[PDB]
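All remarks here apply to the structure that follows.
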Amino acid sequence: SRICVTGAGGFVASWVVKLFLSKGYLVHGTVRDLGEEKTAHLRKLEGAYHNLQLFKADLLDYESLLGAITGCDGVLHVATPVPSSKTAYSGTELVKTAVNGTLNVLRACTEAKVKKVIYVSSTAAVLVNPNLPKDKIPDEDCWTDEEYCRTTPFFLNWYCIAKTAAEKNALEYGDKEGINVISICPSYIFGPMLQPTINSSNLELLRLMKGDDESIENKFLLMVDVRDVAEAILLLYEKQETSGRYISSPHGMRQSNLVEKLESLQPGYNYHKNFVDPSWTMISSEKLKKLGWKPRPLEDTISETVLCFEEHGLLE
Amino acid sequence: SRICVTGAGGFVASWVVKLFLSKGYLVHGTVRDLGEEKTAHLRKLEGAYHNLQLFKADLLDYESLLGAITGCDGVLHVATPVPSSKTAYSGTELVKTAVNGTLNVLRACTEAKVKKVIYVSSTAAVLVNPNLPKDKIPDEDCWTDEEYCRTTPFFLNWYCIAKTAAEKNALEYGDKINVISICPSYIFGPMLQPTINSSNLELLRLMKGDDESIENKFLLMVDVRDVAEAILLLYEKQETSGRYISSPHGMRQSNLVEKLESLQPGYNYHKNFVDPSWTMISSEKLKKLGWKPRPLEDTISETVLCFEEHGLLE
Ligand SMILES: NC(=O)c1ccc[n+]([C@@H]2O[C@H](COP(=O)([O-])OP(=O)(O)OC[C@H]3O[C@@H](n4cnc5c(N)ncnc54)[C@H](OP(=O)(O)O)[C@@H]3O)[C@@H](O)[C@H]2O)c1
Ligand SMILES: NC(=O)c1ccc[n+]([C@@H]2O[C@H](COP(=O)([O-])OP(=O)(O)OC[C@H]3O[C@@H](n4cnc5c(N)ncnc54)[C@H](OP(=O)(O)O)[C@@H]3O)[C@@H](O)[C@H]2O)c1
């Protein structure tokens, strides 16, 4: 049986693809460039030579996606750009990429008569809501206030607007017949990298390791291992009696405390040590855990990320 | 006297034919490919040079079966696909293969005037019943609820529907022609064929330890060599009929891993699991005819030995 994976060369999508290959699936992975160095890390995957088929598609090109999707039993829409802190993005076109790419993907699956789709969203589509009270522990029923991100300026405002809009489009599309559409919304994703380039979430983790002197927000990070996300996606695809959103955010700490456990597990780096100073920080991943999902302890995720960092020569 | 054997290149069928050749029989073996690569392990069995006669037949091609079967005193229908877990199968076509292939074999047998047939079924056609109570020790008269298997999702559910329906159809047709059925458990043992089958695949699964926590299934077990000699015993004996359960042993996968570690150390056995009363089905109907299976520990240690020599643990 064949499943499609959008952006197979991405941080998350590479582990998704590696895992699905290990389980006997036939993968159709889409990439925007088939050059050997971009796709090297995907070709090397065990089982890939015979059961991995990479296409050159773009989310805004309906035809290329149709070609990559035709004949697939499922498809895992993972492809959405994730802006870096050390850069600027155009909200207009990120919103355009996310929503229109999603619409195209969904149209292609209705055409190819795909049975199940799994859209990878984010907690950014759940938590950013100022009206939801404090005695409320947010879950899969809480949505992000599009009004609020459109009103108030903060980095990743447009990212959140794009993620919520794309996830509402996908979920709502799922209530026809013959088409079950799931959504998974992880929080900040950390873990060892398969791709040669470092992604955004891992870069802000790396930022905390190369100390500086600027005064950062002591934000509360909620975190999940990328390998756990992949196995969650496996679990949600294979089990039939699934429907709706599923939050995957097992761990959560202040940046203060994350630096100190990192310092405790991985000494030998001048970690950043200059912060200053809620509720929602405790969303229940239980809808997932009730299916058997068992995340790994944060220490291993942390230690395996730092050593892949070192292997990539990012620490000198 | 001549006997036919369907899918002679299979895991069980290979042992069936080697044994029958060991006993002076002339065996007509069915395969779907006559290439020397897939038939090599059969050509080498002593007696095959003079007394093995291989035909190219498919269970859904009636005349292929007719050709391989005509002229044989007995038939041993053992050809039925059994899916491996790390792939996917089409239950629709599997169960269609099993039942229609079984029907085709039986029609060919009454056309060729064969006198005895032995169908190889499974405990999957006996145990999977939610209606049967826990106080009841299941035997040869408890059938599987096929609706339940088609309602409940689990890998090998369609396989269970196949074996039950095929075994139902076979013995129904036998009242037309002596038709015996043997229902074995999970089959382990040394392999004669070059490619590993599915049951031995999941034993190799239990041997290569990991971190994922698998189901602590209760496996009922029988040796492939014991299945072969049971089939021989059932065919040679003239006072045999009906179903015969062949499942002498049964253990939890965790206890199974430790008896394996106990007999074969030096391997990173799987050791994280999770979490009955159908576990004591009586093989007495067979054992009363002289069938004496071997202890499970021989079967497993010899199976892992062949795993070793086939280079499957690196
Ligand atoms: N990383 C996190 O912390 C986090 C947290 C929550 C949710 N998520 C979600 O996880 C998913 C994967 O993101 P990631 O973590 O793996 O970071 P990433 O590596 O930057 O993912 C970017 C992927 O999207 C592809 N892409 C971008 N624009 C495309 C387009 N127009 N057409 C086709 N592909 C396009 C990229 O293809 P190329 O390889 O050609 O560049 C790349 O494969 C995203 O949907 C994200 O919202 C991530
Ligand atoms: N394996 C077990 O643990 C187990 C347990 C209980 C019952 N059984 C029963 O034992 C019997 C054989 O299974 P196995 O253990 O020996 O695994 P196996 O090696 O995979 O047996 C498959 C055999 O069936 C043949 N086959 C499949 N479709 C066919 C078709 N359309 N036409 C002709 N032949 C076809 C195959 O021919 P090729 O060789 O050419 O592919 C092969 O010989 C089955 O009836 C099974 O229900 C097995």
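Protein chains in written order, with our numbering: chain R, 21 to 336; chain D, -2 to 311.
For each residue, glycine too, the CB sits at the ideal point set by N, CA and C.
Put residue i into one of helix, strand or coil per three-state DSSP.
| i | result |
| --- | --- |
| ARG40(D) | helix |
| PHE52(D) | strand |
| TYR139(R) | strand |
| residue 17(R) | This structure does not reach residue 17(R), given that chain R is present from 21 up to 336, and the question cannot be answered. |
| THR300(D) | helix |
| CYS162(R) | coil |
| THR26(R) | coil |
| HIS307(D) | coil |
| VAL37(R) | helix |
| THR27(D) | strand |
| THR276(D) | coil |
| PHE174(R) | coil |
| residue 348(D) | Nothing can be reported for residue 348(D), as the shown portion of chain D is limited to -2 through 311. |
| residue 326(D) | In the structure displayed, chain D extends from -2 to 311; residue 326(D) sits before or after that span and is not available. |
| residue 349(D) | Outside the shown range of chain D (-2 to 311) lies residue 349(D), about which nothing can therefore be said. |
| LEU129(D) | coil |
| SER259(D) | helix |
| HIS47(D) | helix |
| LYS289(D) | coil |
| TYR264(D) | coil |
| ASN294(R) | coil |
| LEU283(D) | helix |
Out of the options, which one is the CA nearest neighbour of residue i?
| i | options | result |
| --- | --- | --- |
| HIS61(R) | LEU242(R), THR171(R), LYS239(R) and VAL37(R) | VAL37(R) |
| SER203(R) | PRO212(R), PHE210(R), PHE240(R) and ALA190(R) | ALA190(R) |
| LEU56(D) | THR27(D), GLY71(D) and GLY44(D) | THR27(D) |
| residue 325(D) | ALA85(D), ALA76(D) and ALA109(D) | For chain D, the structure presents residues -2 to 311; residue 325(D) sits outside this window and is missing. |
| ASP295(D) | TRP288(D), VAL219(D) and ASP272(D) | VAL219(D) |
| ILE278(D) | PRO135(D), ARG202(D) and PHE52(D) | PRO135(D) |
| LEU54(R) | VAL146(R), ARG63(R) and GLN286(R) | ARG63(R) |
| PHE8(D) | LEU302(D), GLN190(D) and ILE297(D) | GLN190(D) |
| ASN151(R) | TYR45(R), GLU57(R), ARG247(R) and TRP300(R) | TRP300(R) |
| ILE23(R) | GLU280(R), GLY272(R) and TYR257(R) | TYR257(R) |
| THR171(R) | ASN149(R), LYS106(R) and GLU234(R) | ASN149(R) |
| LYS83(D) | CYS169(R), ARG227(R), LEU241(R) and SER21(R) | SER21(R) |
| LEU327(R) | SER142(R), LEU311(R), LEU226(R) and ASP93(R) | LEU226(R) |
| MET188(D) | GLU33(D), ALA54(D), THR300(D) and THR36(D) | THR300(D) |
| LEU123(R) | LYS188(R), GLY91(R) and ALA33(R) | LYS188(R) |
| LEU216(D) | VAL224(D), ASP208(D) and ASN252(D) | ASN252(D) |
| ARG247(R) | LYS314(R), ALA132(R), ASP93(R) and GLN286(R) | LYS314(R) |
| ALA77(R) | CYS169(R), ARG52(R), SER235(R) and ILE199(R) | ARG52(R) |
| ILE211(D) | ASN175(D), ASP70(D) and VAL271(D) | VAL271(D) |
| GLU166(R) | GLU160(R), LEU147(R) and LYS156(R) | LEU147(R) |
| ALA144(R) | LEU39(R), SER269(R), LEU74(R) and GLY194(R) | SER269(R) |
Along the segment 73 to 97 of chain D, where does the CB come closer than 8 Å to a CB of chain R? Name the residues.
Contact residues of the segment 73 to 97 of chain D toward chain R are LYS83, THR84 and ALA85 (C-beta to C-beta distance below 8 Å).
When you check each C-beta in the segment 40 to 68 of chain R against every C-beta of chain D, which residues fall closer than 7 Å?
In summary, the residues of the segment 40 to 68 of chain R whose CB is separated from some CB of chain D by less than 7 Å are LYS43 and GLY44, in the order they occur in the chain.
Taking contact to mean 3 or more Cβ pairs, one atom from each stretch, closer than 8 Å, check whether the segment 127 to 146 of chain R and the segment 246 to 263 of chain R are in contact.
Contact between the segment 127 to 146 of chain R and the segment 246 to 263 of chain R is present, because at least three Cβ pairs lie under 8 Å.
Identify every run of the beta strand (DSSP E) within the segment 79 to 135 of chain R, keeping only runs that are complete inside it and at least 3 residues long; order them along the chain.
With a minimum length of 3 residues, the continuous beta strand (DSSP E) runs that stay inside the segment 79 to 135 of chain R are 94 to 97.
Below 7 Å between beta carbons is the criterion; list the residues of the segment 119 to 130 of chain D that meet it against any residue of chain R, in chain order.
Cβ contacts with chain R: none found.
Would the segment 101 to 112 of chain D and the segment 51 to 67 of chain D be scored as touching if the rule is three or more Cβ pairs under 8 Å?
Here the segment 101 to 112 of chain D lies against the segment 51 to 67 of chain D, with 3 or more beta-carbon pairs under 8 Å apart.
Would you list, in sequence order, the uninterrupted alpha helix (DSSP H) runs of no fewer than 4 residues that lie entirely inside the segment 191 to 273 of chain R?
Runs of the alpha helix (DSSP H) inside the segment 191 to 273 of chain R: 220 to 229 and 246 to 258.
Inspect the CB distances between the segment 289 to 297 of chain R and the segment 174 to 189 of chain R and report whether three or more fall short of 8 Å.
At 8 Å Cβ cutoff, the stretches do not touch.
Residues from the segment 84 to 95 of chain R in contact with chain D, defined by Cβ distance under 8 Å
Cβ contacts with chain D: none found.
Tell me, please, whether the segment 304 to 318 of chain R touches the segment 255 to 275 of chain R by the rule of three or more beta-carbon pairs shorter than 8 Å.
The segment 304 to 318 of chain R is in contact with the segment 255 to 275 of chain R.
Within 9 Å of chain D by C-beta, residues of the segment 236 to 267 of chain R in sequence order
Answer in chain order: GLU251, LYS259, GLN260 and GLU261.
Members of the segment 139 to 159 of chain D near chain R, C-beta cut-off 9 Å:
So the list reads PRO150, given in the order they occur along the chain.
Are there three or more Cβ pairs, one per stretch, closer than 8 Å when the segment 195 to 214 of chain D is compared with the segment 170 to 187 of chain D?
Taking 8 Å as the limit for Cβ pairs, the verdict is that the segment 170 to 187 of chain D does touch the segment 195 to 214 of chain D.
Contact the segment 144 to 157 of chain D vs the segment 40 to 57 of chain D: 3+ CB pairs below 8 Å
Verdict: no, contact absent.
At a cut of 8 Å, does the segment 75 to 90 of chain D reach the segment -1 to 7 of chain D through at least three beta carbon pairs?
Result yes; three or more Cβ-Cβ pairs closer than 8 Å.
Taking contact to mean 3 or more Cβ pairs, one atom from each stretch, closer than 8 Å, check whether the segment 15 to 25 of chain D and the segment 328 to 335 of chain R are in contact.
A contact is defined here as three or more CB-CB pairs under 8 Å, and the segment 15 to 25 of chain D fails this definition with respect to the segment 328 to 335 of chain R.
At a Cβ cut of 8 Å, what residues of the segment 303 to 320 of chain R count as close to chain D, listed as they run along the chain?
Under the 8 Å Cβ criterion, the segment 303 to 320 of chain R contributes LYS314.
Select from the segment 21 to 33 of chain R all residues with a C-beta closer than 9 Å to any C-beta belonging to chain D, and list them in chain order.
Here the close residues are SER21.
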